[PDB]
Amino acid sequence: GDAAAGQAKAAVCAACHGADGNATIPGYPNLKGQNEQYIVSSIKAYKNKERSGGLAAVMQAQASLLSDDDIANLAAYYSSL
Ligand code: HEC
């Protein structure tokens, strides 16, 4: 994945995950520096609705907007922070 392409795509994500990938809403997760493969698999889990219920509903919607390339790029960006 291409971290610069990920940075471009992350504008929408920053409202909930923070400009720097540290979230500031209680209950919302930090992404900054998270394992790259884990970020991939976790966004794919939401896209496949293998995570459900509660705040997952929200990420299901977000994940459905992302192509497999976008997910790779986002993971490269966040893991690099
Ligand atoms: C609120 C309007 C959000 C937007 C926009 C984005 N995300 Fe999100 N994300 C949000 C919540 C509340 C949660 C927790 C959901 C849960 O199952 O409890 C998440 C979770 C993630 C994760 C998983 C993190 C983990 O540690 O397993 C990822 C990788 C993630 N979110 C990524 C992400 C991306 C890349 C976004 C822009 C396309 C994005 N989210 C937007 C809230 C919100």
Side-chain angles (χ1 to χ4, degrees):
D2 168 353
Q7 184 179 326
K9 188 81 187 166
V12 58
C13 317
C16 295
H17 297 291
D20 55 352
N22 285 329
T24 55
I25 301 170
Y28 283 34
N30 302 323
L31 303 181
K32 188 185 191 180
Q34 183 58 275
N35 184 271
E36 185 178 16
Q37 183 43 232
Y38 176 78
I39 295 180
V40 175
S41 66
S42 66
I43 298 176
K44 288 173 182 205
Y46 293 115
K47 194 165 166 182
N48 287 327
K49 304 175 176 52
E50 284 189 297
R51 291 184 171 192
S52 183
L55 291 171
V58 177
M59 270 309 297
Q60 291 188 1
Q62 284 294 116
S64 300
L65 298 172
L66 308 172
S67 71
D68 289 348
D69 283 1
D70 289 338
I71 290 169
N73 288 338
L74 291 157
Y77 172 59
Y78 283 112
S79 61
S80 79
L81 288 173

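Counting starts at 1 for both ligands and their atoms, following the listed order. All residue numbers refer to positions in the sequence shown, counting from 1.
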- Query: Any N or O of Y38 that comes nearer than 3.5 Å to an N or O of ligand 1?
  - Reply: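 Yes: some nitrogen or oxygen of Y38 is under 3.5 Å from one in ligand 1.
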- So, is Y46 polar-close to ligand 1, with some N/O to N/O distance under 3.5 Å? yes
At what distance is the nearest protein heavy atom to [atom], and which residue and atom is it?
{"atom": "atom 18 (O) of ligand 1", "result": "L55 CB, 4.1 Å"}
{"atom": "atom 13 (C) of ligand 1", "result": "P29 CD, 3.5 Å"}
{"atom": "atom 37 (C) of ligand 1", "result": "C13 SG, 1.7 Å"}
{"atom": "atom 28 (C) of ligand 1", "result": "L31 CD2, 3.6 Å"}
{"atom": "atom 29 (C) of ligand 1", "result": "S42 OG, 3.5 Å"}
{"atom": "atom 2 (C) of ligand 1", "result": "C16 SG, 2.7 Å"}

For [X], atoms of ligand 1 separated by under 4.0 Å from a heavy atom:
{"X": "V12", "result": "5 (C), 37 (C), 38 (C)"}
{"X": "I43", "result": "29 (C), 35 (C)"}
{"X": "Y28", "result": "12 (C)"}
{"X": "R51", "result": "23 (C), 27 (O)"}

Of the non-hydrogen atoms in [X] and [Y], which two are nearest, and what is the gap between them?
{"X": "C16", "Y": "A23", "answer": "O-CB, 3.7 Å"}
{"X": "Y77", "Y": "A10", "answer": "CE2-CB, 3.7 Å"}
{"X": "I39", "Y": "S79", "answer": "CD1-N, 4.0 Å"}
{"X": "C13", "Y": "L74", "answer": "SG-CD2, 4.1 Å"}

Mind checking whether [X] and [Y] have side chains closer than 4.5 Å, heavy atoms only?
{"X": "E36", "Y": "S41", "value": "no"}
{"X": "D68", "Y": "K44", "value": "yes"}
{"X": "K47", "Y": "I71", "value": "yes"}
{"X": "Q34", "Y": "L81", "value": "no"}

- Message: Using the rule that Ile, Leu, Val, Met, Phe, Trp and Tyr join whenever any side-chain heavy atoms are under 4.5 Å apart, tell me whether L66 and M59 fall into a single cluster.
- Response: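 No, because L66 and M59 fall into different hydrophobic clusters, even though each may have its own neighbours under 4.5 Å.
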- Item | Closest to atom 32 (C) of ligand 1 (judged by heavy-atom distance), picking from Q34, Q60, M59 | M59
- Note on the structure: Rounding to 0.5 Å, atoms CD (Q62) and CD1 (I43) come to a distance of 10.0 Å
- Message: I'd like to know whether ligand 1 has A10 as a neighbour, heavy-atom separation below 4.0 Å.
- Response: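 No, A10 has no heavy atom closer than 4.0 Å to ligand 1.
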- Query: Near atom 8 (Fe) of ligand 1, is there an N/O/S atom from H17 that is less than 2.8 Å away?
  - Reply: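 Yes, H17 qualifies, because one of its backbone or side-chain N, O or S atoms lies under 2.8 Å.
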